[PDB]
Amino acid sequence: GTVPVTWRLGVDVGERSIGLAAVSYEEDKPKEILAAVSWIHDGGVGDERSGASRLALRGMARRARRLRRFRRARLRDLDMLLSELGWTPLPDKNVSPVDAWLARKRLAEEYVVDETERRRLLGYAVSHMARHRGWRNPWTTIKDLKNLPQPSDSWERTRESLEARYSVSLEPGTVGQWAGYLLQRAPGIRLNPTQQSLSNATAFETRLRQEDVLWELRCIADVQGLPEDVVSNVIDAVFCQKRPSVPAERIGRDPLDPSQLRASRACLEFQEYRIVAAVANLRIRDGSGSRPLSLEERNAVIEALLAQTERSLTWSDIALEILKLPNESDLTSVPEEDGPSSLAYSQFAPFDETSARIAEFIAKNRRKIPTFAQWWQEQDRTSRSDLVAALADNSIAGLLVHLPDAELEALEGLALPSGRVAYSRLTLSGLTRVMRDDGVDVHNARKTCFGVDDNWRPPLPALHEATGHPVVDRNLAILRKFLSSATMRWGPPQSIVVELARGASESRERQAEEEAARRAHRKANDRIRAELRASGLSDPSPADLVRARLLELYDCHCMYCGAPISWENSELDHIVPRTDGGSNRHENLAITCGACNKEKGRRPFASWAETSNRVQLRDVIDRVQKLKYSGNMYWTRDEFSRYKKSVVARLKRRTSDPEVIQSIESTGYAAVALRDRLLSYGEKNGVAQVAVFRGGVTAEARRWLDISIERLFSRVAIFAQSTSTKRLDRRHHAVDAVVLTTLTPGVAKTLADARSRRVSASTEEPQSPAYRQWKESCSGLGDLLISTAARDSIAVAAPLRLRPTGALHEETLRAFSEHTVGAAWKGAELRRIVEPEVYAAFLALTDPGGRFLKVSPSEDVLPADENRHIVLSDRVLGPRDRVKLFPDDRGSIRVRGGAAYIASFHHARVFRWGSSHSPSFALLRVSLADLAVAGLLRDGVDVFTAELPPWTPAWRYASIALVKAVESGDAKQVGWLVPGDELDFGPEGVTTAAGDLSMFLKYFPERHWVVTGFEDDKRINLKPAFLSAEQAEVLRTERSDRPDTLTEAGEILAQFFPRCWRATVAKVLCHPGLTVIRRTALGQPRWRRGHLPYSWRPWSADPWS
RNA sequence: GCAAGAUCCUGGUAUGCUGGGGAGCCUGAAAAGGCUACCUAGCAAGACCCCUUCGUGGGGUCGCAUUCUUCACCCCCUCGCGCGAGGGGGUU
DNA sequence: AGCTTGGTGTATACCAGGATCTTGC
DNA sequence: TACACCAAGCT
Ligand SMILES: [Mg+2]
């Protein structure tokens, strides 16, 4: 069904959104908007406040499980060792709570004569030290831990603070003695400082280290006279830490031999490859030109580089001593940073550094390891390269020599070079063998050995392959679904245009730094706005604010010339002129005095001045170094030191600072990854070109095309001055993408030049034949955009989460309540009955035929019946015998002998009952705990349709009308809803509005809403699909601070958000013509039932099957 | 060659929560309640694998990611000689 | 008595390195 | 953070 049309793809990438457009083109002018959709994604984020991704929380939970399992294994091993030595471990109960601490204190203070008591206290102390060993660097081995200073410096300062606070001298002041003494002397003291939460200083204030516990253990061994073998055994069993590896398939494959794994720095193949390659780059000046060096010369330099032991041969000592030339200037192509007096040659040439390190460590331990040293010197170079490949790559999960526990231990802790070079060791050897013989470079040996063509490149990642970054993977998945659907619809695109708009590769740390920085940017500007308005300024310009800030900080000082200045004597001085490669930044400006202003003369500032009279450097830069931070000004603490060192680094320039550089279309991770994947798709499908722009760019394209979002979507003006931003309406992303289908790199370069000249202040229209051709080609694009916005065609969809995977319950365990069988049972207490079989029995008492429990929470269901017996399957419950109940009347499950609340709901099943002209609706809210305890988290279950038992918290805490209707049999499941489902109320909109919602719909007549939650058994939470919560919160903040900068519509929007429409389900689903819109990847609603989620009407939905 | 970021991954730590305890203090002082700490076990529910002592309990791995679950169709990587496990896509 | 709305609890926070990029000279 | 959950107010 594919009809090939000439169409272009436009992709507007954001942090939380992506706008996607397919626009069909007739004659280099846009003809039809085939699809336009904004997709609102979470950026892969699972913790909404900490910024941690879903993958990060999954990895943290997995590693906590691995930690607990290995810790249990090592405690079992210590228990076996203590049973072997006949030492009693600390029991699980019936002991004093300071037996372990007093045991450590007694064994580290005095000698215990009784053998049984000594062994019991020793077992108690060793078991407790295994439970509380403290932290160690995980990459250090046990000997590396044992060679640390004993005790540590941190514990030494903590100990000195402990005498300075308590005036007692414990010798030796170990952590066990100190903690036990402070518990016996000041009971109820806290040993370690807690998180978050009237004041009490804790006993210790630094994190306990493993060397402190190790020092205490050996001190106990010294005082109690333990033999050294059992001391080493208890040390190895207490401090048994697993080795931090780097597991396989996480290390990149070879571009040339993709079965073979990546190679390391310390692999000798890489040092010899670096030597031969760096030799082969070098061009000897011969024949009045650059001729690459001869074979005898390259063999002499390479043989003189693989046999060294230090960084001895440098680039100034190769050209005139081995290459045999008269001049060091006769050699070129040296891949280092250039400088005067051969600054590249001043550093040292690359050499076999791993062999040097191994030779030096041999020279320090050859008497310790003669077998290794003799094997290293005498055995073959291939075998020793394999040996270093087995000692540097041993820190990988997936020891080839089978040597004993101490003959290799002198080198198991050796620190080799570390890293990952782009080729594999087999490929490095293969390309090595066709350099030192044939004298050809990597550029020829790569073709020769593996038989690849001249135009061969490392292969591009496909669209189906992930990146591992959450934001990039979300944008990538949405992009690849849109592109697959558009390719099946209208064939492959003629071109693909992308632009990213900031917000990547920063963790969203810089999000918090951006908001707390625009806070200062828009607050400290108000001071120099209002005080100059009080002065009398009537023409507001940013330059006046900049010079006012410089006067505010520098206190109106020509620092060089003296002569105190004023507002009129400002003379804003650009340190770097734009004729020498600069830009209009606030770093570049310094306040001057007239005499200290014009004398620079385009020369490097504070360099002509120091090479003259009346003025010198070395003082003012020190004053900037000791600059105290003012708490009320533009620049924050994080930008403070960076600004100060940037000012110093541009003041101390003794040469040029080039140049007038403009961005060259590839700067980010997401841009590189998306570009490579779109190039892979294009080379597999026939796309003529693929470009990835920036900015910033499409806003100016809309400005010079005169395209306004408010004229598109008829939005009200939320600000008093000017109109709203584009970021108010989410559809603007797809609008931008539609505009991105019109551009090329040339017209984008002209627009970027227009941006730099307009912000460098104007206003200036762009002049170019390409720009004029672009402007008269896409003149009708705005007409197309109007006819697309009026038809309600630009969709805003959120991707659905249908997998029944995630946190099943809340983390906090809660104590059970207990209730007697023969008392008065309320509805709440009947709802909280933990045991499902006892629960079903109590339902059989209240309603013998009813499958579900229909009780008011406040109703008194049963009285105190003192002769009530509960007949269970295996036993009988007497009227005085207690029954476990959940602590609160809300959804909870049994986990590990404790009660946990259920998590956020995975979905809500929609139930409809009654007459078709006016039916009632309810939501059965289903969480992950419901499917977990119902046995539905197994492979082969439709979790949105499969029935739940009556004892699940979904059916316990459903609405009463839903329970009665399901008992009556007139209620059927007609669909489900997930957080993110789109509700389309149609042209009618929200007819049943009440309260603030009504006045919200007076100014924002929203017909599309998004399911965001299910706050109780009768209410669904909805937010408007086309309106942005981030824009609404920045208007909320601007109402909280700025005076009357919002219109009444902005007031209503700010008061509506973020809780939005907390709606009664009856009020929502009693709207006729309300539909639940599940969209395809192109934004079109899915209305045909296949094997994908389809649009449905709660009014007109039939039951299942 | 080189200063560094981001993304995870691996190894740990200290609290916290619940169950079992209790050193000190407070109520009860007949009695067992509370608080401050500390000791100990567990810290997703669970699923698969292996024992042989066909049972009785004990060891290993996976388990909050890839947002259209499962089902069904199509493509791709590894192993199979179809198909077991991972990815992807599905137009209204 | 049922719908609007206001407030509030929720596991939490560190360390040392290693592998994929990205950079930006 | 935002969602589920707890009451008070408004009519
Ligand atoms: Mg955008």
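Mapping of the first sequence onto the entry's author numbering: residues 7 to 203, 210 to 410, 416 to 778, 791 to 1134, in sequence order.
In this text, a Cβ means the ideal position worked out from N, Cα and C, and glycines have one as well.
- Query: Just the Cα atoms here: how many angstroms apart are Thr12 and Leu477?
  - Reply: 25 Å
- Within 10 angstroms of its Cβ, does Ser647 collect 16 or more other Cβ (buried), or is it exposed? exposed
- Through-space distance from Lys540 to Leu760, alpha-carbon basis: 38 Å
- Same chain, Cβ closer than 6 Å to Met576, five either side skipped, listed in chain order: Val637
- Message: Below 7 Å, is the gap between the Cβ of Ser23 and the nearest heavy atom of ligand 1?
- Response: Yes, the beta carbon of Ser23 sits closer than 7 Å to at least one heavy atom of ligand 1.
- Query: CB residue 412 to CB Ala27, shorter than 8 Å?
  - Reply: Residue 412 falls within a stretch that is absent from the model, since the chain runs 410 to 416 with no residues between.
- Message: With distance defined between alpha-carbon atoms, name the residue in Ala718, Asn100, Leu1006, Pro982 nearest to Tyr868.
- Response: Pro982
- Message: Would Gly851 and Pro916 be called neighbours here (beta carbons separated by less than 8 Å)?
- Response: no
- Query: In the segment 825-857, which residue ranges form an unbroken beta strand (DSSP E) of at least 3 residues, counting only runs that do not cross its ends?
  - Reply: With a minimum length of 3 residues, the unbroken runs of beta strand (DSSP E) contained wholly in the segment 825-857 fall at 846-849.
- Query: Run through DSSP, which three-state label would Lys99 get?
  - Reply: coil
- Query: Looking at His838 and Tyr930, is the spacing between their C-beta atoms short of 8 Å?
  - Reply: yes
- Measuring CB to CB, does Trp984 end up less than 8 Å from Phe1055? no
- Is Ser23 helix, strand or coil by DSSP? strand
- Message: Need the endpoints of the beta strand (DSSP E) that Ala361 sits in, please.
- Response: Note, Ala361: premise wrong, no beta strand (DSSP E); not H, not E.
- With C-beta atoms as the reference, is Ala1083 less than 8 Å away from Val733? no
- Task: Please classify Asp422: is it buried, with 16 or more other beta-carbons within 10 angstroms of its beta-carbon, or exposed?
- Result: exposed
- Task: Name all residues in chain order for which at least one heavy atom of ligand 1 lies closer than 5 Å to the residue's CB.
- Result: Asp18, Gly20, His750
- For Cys466, name the three-state secondary structure that DSSP assigns. helix
- Taking DSSP as the reference, what is the three-state secondary structure of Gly456? coil
- Item | Inter-residue CB distance, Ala754 and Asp18 (contact presumed, cutoff 8 Å) | So it is a contact: roughly 4 Å between Cβ atoms.
- Throw me the rounded Cβ distance for the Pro338 and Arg286 pair, which I believe falls under 8 Å. Not really, about 28 Å apart at Cβ, beyond 8 Å.
- Determine the closest residue to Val704 out of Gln511, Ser673, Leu842, with distance taken between C-alpha atoms. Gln511
- Query: Are the beta-carbon atoms of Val707 and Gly699 separated by less than 8 Å?
  - Reply: Yes, Cβ-Cβ distance for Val707 and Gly699 is below 8 Å.
- Item | Endpoints, beta strand (DSSP E) assigned at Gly1004 | 1001-1006
- Message: Output needed for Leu644: all residues of its chain with C-beta closer than 7 Å, excluding positions within five of it in sequence on either side, in chain order.
- Response: Within the same chain, and ignoring the five residues on either side of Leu644 in sequence, the residues whose Cβ sits closer than 7 Å to its Cβ are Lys661.
- Among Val972, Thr740, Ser367, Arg142, nearest to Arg830 - alpha-carbon criterion: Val972
- Determine which residues share a DSSP beta bridge with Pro476 and list them. Paired residue(s): none; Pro476 is not in a bridge.
- If we ignore side chains and look at the alpha-carbon of each, how far apart do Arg519 and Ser56 end up? 21 Å
- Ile545: which of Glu532, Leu567, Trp1128 sits nearest, CA to CA? Closest option to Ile545, Cα to Cα, is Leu567.
- Query: Do you know how far the Cα of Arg1108 is from the Cα of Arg1117?
  - Reply: 11 Å
- Task: Quick one: give me the first and last residue of the alpha helix (DSSP H) that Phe730 is part of.
- Result: 726-730
- In angstroms, rounded to a whole number, what distance separates the CA positions of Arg112 and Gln156? 20 Å
- Message: Do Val563 and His538 have their beta-carbon atoms positioned less than 8 Å apart in this structure?
- Response: Result no, Cβ atoms of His538 and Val563 do not sit closer than 8 Å.
- Query: What do you reckon, are the CB atoms on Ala826 and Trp45 nearer than 8 Å?
  - Reply: yes
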